[PDB]
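Computation of the quantities below employed the complete heavy-atom set of this structure, encompassing side-chain atoms and omitting hydrogens, waters and symmetry-equivalent molecules. Just so it is clear: chains get the letters A, B, ... in the order the sequence lines come, proteins before strands, and each one is counted from 1.
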Amino acid sequence: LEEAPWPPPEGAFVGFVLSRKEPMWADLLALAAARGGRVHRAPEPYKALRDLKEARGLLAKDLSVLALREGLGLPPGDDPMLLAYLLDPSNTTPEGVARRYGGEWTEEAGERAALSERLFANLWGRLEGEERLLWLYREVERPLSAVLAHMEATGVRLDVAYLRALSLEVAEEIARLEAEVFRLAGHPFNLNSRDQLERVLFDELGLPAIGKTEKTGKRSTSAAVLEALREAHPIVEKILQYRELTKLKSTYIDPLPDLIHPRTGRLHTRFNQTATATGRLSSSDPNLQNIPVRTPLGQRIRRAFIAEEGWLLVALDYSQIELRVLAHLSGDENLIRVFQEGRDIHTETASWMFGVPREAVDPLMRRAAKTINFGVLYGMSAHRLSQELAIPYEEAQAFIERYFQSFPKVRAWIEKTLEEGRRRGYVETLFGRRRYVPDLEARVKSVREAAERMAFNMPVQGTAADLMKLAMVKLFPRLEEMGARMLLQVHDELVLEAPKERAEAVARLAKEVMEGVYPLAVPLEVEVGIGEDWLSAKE
DNA sequence: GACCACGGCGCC
DNA sequence: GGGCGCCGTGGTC
Ligand SMILES: C#Cc1ccc(C#Cc2cn([C@H]3CC[C@@H](COP(=O)(O)OP(=O)(O)OP(=O)(O)O)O3)c(=O)nc2N)cc1
Ligand SMILES: [Ca+2]
Ligand SMILES: [Mg+2]
Ligand SMILES: [Mg+2]
Ligand SMILES: [Mg+2]
């Protein structure tokens with residue numbers, strides 16, 4: 001390409017190099033742009049950023065987040081990564097996409113700009129004719145990238161002092177558990193080392209080994225195994241409590257306060273748009289989609305996520321989302337009728353499980369039923385189910401027979417989906433997002449059946465994901481107009497931040513936008529909560 | 001230091 | 001059953 005002075009003309013593709021992957025923390029090392037056979041290199045990247053009207057190129061959202069951090073309103077535009085991910089969601093990295101669609105991902109900004117330009121041309125070509133994928137790109141993925149940039153740059157407030165204090169408390173409890181374990185083992189060892197623990201449990205205390213690990217065939221010390229052995233020796237429950245506390249301390253309590261940004265005073269995650277096989281987003285550095293909520297200590301951590309003073313959090317959650325999506329995709333009259341009547345399958349299964357009418361099913365019972373309903377729907381074996389519910393095998397095989405007896409068109413949909421997957425090589429969501437599943441015709445049963453369960457799950461999980469992304473795209477401009485902010489997405493949950501005086505109005509509006517995002521054969525229902533912290537806002 | 005595989009486990 | 005990302009260990013370079 002011909003070397004030309006900065007700045008580039010409008011519509012140019014950008015290339016950039018960062019000192020590290022996280023754009024909120026990165027130094028912008030180099031910046032360049034490519035258009036019309038020319039490459040333009042920025043003499044000073046930060047100042048040069050002000051010359052761009054949009055970020056158009058590979059990883060555009062990352063550059064946009066960095067620009068927002070610097071107080072510039074530079075939105076992301078076209079990004080070849082999003083095109084490639086739509087063609088085939090195994091396209092997740094710039095390295096892989098480059099090699100596959102016509103270049104090499106290097107560490108030089110000018111080369112990255114030229115690459116962005118060539119790849120976009122190539123991928124745009126592959127998408128011609130693909131009307132549904134083009135719709136997803138134009139109506140969902142491309143504008144969602146702008147919404148995600150704002151969310152990343154905004155971050156979320158965390159009560160640092162509270163977490164520091166909590167760390168000290170938890171450390172003391174860990175010491176008490178550790179001391180007791182060692183006493184019961186008759187010697188100290190590294191309780192964090194599963195290899196060392198395996199030897200104490202199975203070789204020294206002589207407990208029965210229940211299971212083996214996948215890759216290396218060691219005797220497993222997983223929670224499922226320890227639960228099975230909690231009556232066999234008092235050390236086992238102490239180990240389970242130790243695991244719970246150290247997992248929470250090492251993963252959340254200790255790292256989180258160190259990730260507060262000096263400029264914002266907030267915690268900033270990355271929302272990865274081309275990371276999953278199904279079209280869900282992921283969250284990383286730190287992952288904020290797996291913040292604890294189950295246990296008492298988990299709930300105390302969830303309370304550390306708070307609104308700015310004078311604001312409130314608003315938490316929105318689609319109810320029974322995958323079952324509702326399944327009803328639409330399958331067209332099963334019975335399942336459809338369940339939701340038109342206002343019924344709850346989780347509650348109804350929890351009635352069966354715990355032996356309760358339908359009334360007085362506490363929230364905890366309902367949640368236990370979730371794993372059962374999802375597990376069974378997606379192909380959990382009758383043996384795992386019998387083991388989970390502590391019931392005879394024949395009662396489990398019967399339970400699954402009844403599950404699919406109640407909604408006969410679900411099986412037919414599953415069969416239909418698997419056949420198209422075998423014939424075409426991919427399966428699709430309601431909106432045409434695809435996932436290629438080559439192992440559907442594998443001659444090894446375990447491999448083939450694993451592929452089947454991935455294949456028929458994808459349209460359900462991915463349709464739910466598409467619906468939430470669409471909702472986020474629709475909701476974002478409405479929030480801006482009300483001075484509210486979108487903070488986090490957790491798959492089928494959204495967390496917003498609103499001025500206290502407008503939080504009620506924000507919640508009502510957000511609920512309506514999410515419920516009416518794309519009408520299905522059954523109503524979408526959204527539960528909404530308001531509070532000073534994440535836990536309080538989820539009621 | 002960084003990277004890796006693994007087992008294990010947090011949430012959806 | 002499906003989908004993720006991060007931890008510490010043990011190991012390497
Ligand atoms: C305690 C506890 C506890 C906490 C979490 C779970 C859990 C869980 C799982 C979730 N998923 C997928 C499908 C539905 C979507 C949104 O997960 P979720 O909101 O919980 O499902 P829902 O919308 O039907 O439940 P509702 O909002 O009405 O209370 O995420 C899944 O495939 N497998 C799971 N095990 C089970 C128990
Ligand atoms: Ca939900
Ligand atoms: Mg939820
Ligand atoms: Mg792994
Ligand atoms: Mg080490």
Undergrad: Where the side chain of A:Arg294 is concerned, which of C:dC7, C:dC6, B:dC11 is the nearest nucleotide?
TA: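 Given the options C:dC7, C:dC6, B:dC11, the side chain of A:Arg294 is closest to B:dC11.
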Undergrad: Do the two ring centres, one from A:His150 and one from A:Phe271, sit under 6.0 Å apart?
TA: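 For A:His150 and A:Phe271, the ring centres are not under 6.0 Å apart.
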Undergrad: Take the protein atom CG of A:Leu226 and the nucleotide atom P of B:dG8, then report the distance between them rounded to whole Å.
TA: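 After rounding, the gap between these two atoms is 9 Å.
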Undergrad: Check the distance between C:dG5's P and A:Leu488's CG and give it to me in whole angstrom.
TA: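 After rounding, the reported distance stands at 16 Å.
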Undergrad: Expressed as a whole number of angstroms, how long is the span from A:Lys212:NZ to B:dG7:P?
TA: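 After rounding, the gap between these two atoms is 13 Å.
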Undergrad: For a quick test of reading the model: is some side-chain N or O of A:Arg453 closer than 4.0 Å to OP1 or OP2 of C:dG2?
TA: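 For C:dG2, OP1 or OP2 has a side-chain N or O of A:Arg453 closer than 4.0 Å.
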Undergrad: Suppose we screen for side chain to side chain donor-acceptor pair (under 3.5 Å). Which residues come up paired with A:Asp159, at least two apart in sequence or across chains?
TA: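 If we apply the side chain to side chain donor-acceptor pair (under 3.5 Å) test to A:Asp159, skipping adjacent residues, there are no hits.
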Undergrad: Which of these nucleotides, C:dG2, B:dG10, C:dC7, is closest to any side-chain atom of A:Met454?
TA: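 Between C:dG2, B:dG10, C:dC7, the one nearest the side chain of A:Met454 would be C:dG2.
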Undergrad: Starting at CE of A:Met458 and ending at P of C:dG2, how long is that distance when rounded to a whole Å?
TA: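 It is 16 Å, rounded to the nearest whole Å.
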Undergrad: Are any of the side-chain nitrogens in A:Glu497 or A:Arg157 under 4.0 Å away from the carboxylate oxygens of its partner?
TA: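 The answer is no: the pair does not qualify as a salt bridge.
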Undergrad: Would you mind reading off the distance between A:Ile301 atom CD1 and B:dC9 atom P, rounded to a whole angstrom?
TA: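 To the nearest whole Å, that distance equals 16 Å.
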Undergrad: If you check the A:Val293 side chain, which of B:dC11, B:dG7, C:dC4 turns out closest?
TA: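 So the nucleotide nearest the side chain must be B:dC11.
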Undergrad: CG of A:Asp492 versus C1' of C:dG3: gap in Å, rounded?
TA: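 After rounding, the reported distance stands at 13 Å.
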Undergrad: Check every strand shown and say whether A:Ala277 touches a base, only sugar-phosphate, or nothing at a heavy-atom separation below 4.0 Å.
TA: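 Contact class for A:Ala277: sugar-phosphate only.
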Undergrad: Salt-bridge test for A:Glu420 and A:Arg423: reply yes if a basic N is under 4.0 Å from a carboxylate O, no otherwise.
TA: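 Salt bridge flag = no for A:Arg423 with A:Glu420.
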Undergrad: Go through residues 369-403 of chain A and report each residue with a non-hydrogen atom lying under 4.0 Å from DNA chain C, sorted by number.
TA: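 Listed by number, they are A:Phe374, A:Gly375, A:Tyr378, A:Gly379, A:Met380, A:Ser381, A:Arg384.
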Undergrad: Which whole-number value in Å describes the distance from A:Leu323 CG to C:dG2 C1'?
TA: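 A:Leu323 atom CG is separated from C:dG2 atom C1' by 14 Å.
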Undergrad: Could you tell me whether A:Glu441 and A:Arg422 have a side-chain N and a carboxylate O separated by less than 4.0 Å?
TA: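 Judged by the 4.0 Å cut-off on N to carboxylate O distance, A:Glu441 and A:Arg422 do not form a salt bridge.
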Undergrad: Where along nucleotides 8-13 of chain C does protein come under 4.0 Å, by heavy atom, of base (B) or sugar-phosphate alone (S), with - for untouched nucleotides?
TA: SSS---
Undergrad: Within less than 4.0 Å of OP1 or OP2 of C:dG3, is there a side-chain N or O belonging to A:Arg435?
TA: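 Yes, A:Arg435 has a side-chain N/O under 4.0 Å of OP1/OP2 on C:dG3.
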Undergrad: Would you say C:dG5 has OP1 or OP2 under 4.0 Å from some side-chain N or O of A:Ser282?
TA: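 For C:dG5, OP1 or OP2 has a side-chain N or O of A:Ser282 closer than 4.0 Å.
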Undergrad: Whole Å only: how far is the CG atom of A:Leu256 from the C1' atom of B:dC11?
TA: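 Value for this atom pair: 14 Å.
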Undergrad: At under 4.0 Å, does any side-chain N or O of A:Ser222 touch on OP1 or OP2 of B:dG7?
TA: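 Result: no.
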Undergrad: Under 3.5 Å, which donor-acceptor pairs link side chains of residues 380-401 of chain A to any protein atom two or more places apart or in another chain?
TA:
from, atom 1, to, atom 2, distance (Å)
A:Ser381, OG, A:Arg384, N, 3.2
A:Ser386, OG, A:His383, O, 2.8

Undergrad: Kindly write out the residues that satisfy side chain to side chain donor-acceptor pair (under 3.5 Å) with A:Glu539, not counting sequence neighbours, or none if the list is empty.
TA: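 With sequence neighbours excluded, A:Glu539 shows a side chain to side chain donor-acceptor pair (under 3.5 Å) to no residue whatsoever.
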Undergrad: Before accepting this row, confirm whether a basic side-chain N of the pair A:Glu527/A:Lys538 lies closer than 4.0 Å to the acidic partner's carboxylate O.
TA: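 Salt bridge absent between A:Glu527 and A:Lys538.
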Undergrad: Could A:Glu180 and A:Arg176 be called an ion pair, given the rule that one side-chain N must be under 4.0 Å from one carboxylate O?
TA: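 A:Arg176 and A:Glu180: not salt-bridged.
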Undergrad: So which nucleotide from C:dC6, C:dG2, C:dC4 ends up closest to the side chain of A:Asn457?
TA: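 Side chain of A:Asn457 sits closest to C:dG2.
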Undergrad: Taking any heavy-atom pair under 4.0 Å as a contact, classify A:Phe456: base, sugar-phosphate, or nothing.
TA: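 Result for A:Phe456 = nothing.
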Undergrad: Below 3.5 Å, does any donor atom in the side chain of A:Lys247 face an acceptor in the base of C:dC7, or the other way round?
TA: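 Per atom types, no contact qualifies.
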Undergrad: Is A:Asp195 salt-bridged to A:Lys218, cutoff N-O under 4.0 Å?
TA: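 Yes.
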Undergrad: At less than 4.0 Å, is any side-chain N or O atom of A:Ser220 found next to OP1 or OP2 of B:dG8? Yes or no.
TA: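 So the side chain of A:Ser220 is within the cut-off, an N or O lying under 4.0 Å from OP1 or OP2 of B:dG8.
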Undergrad: Are OP1 or OP2 of C:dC4 and a side-chain N or O of A:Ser283 less than 4.0 angstrom apart?
TA: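 Checking C:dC4 against A:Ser283, no side-chain N or O comes under 4.0 Å of OP1 or OP2.
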Undergrad: Any salt bridge (charged side-chain N to carboxylate O under 4.0 Å, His left out) involving residues 242-251 of chain A? Give me the pairs, sequence neighbours left out, ordered by first then second residue.
TA: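 Residue pairs passing salt bridge (charged side-chain N to carboxylate O under 4.0 Å, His left out), neighbours aside: A:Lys249-A:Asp254.
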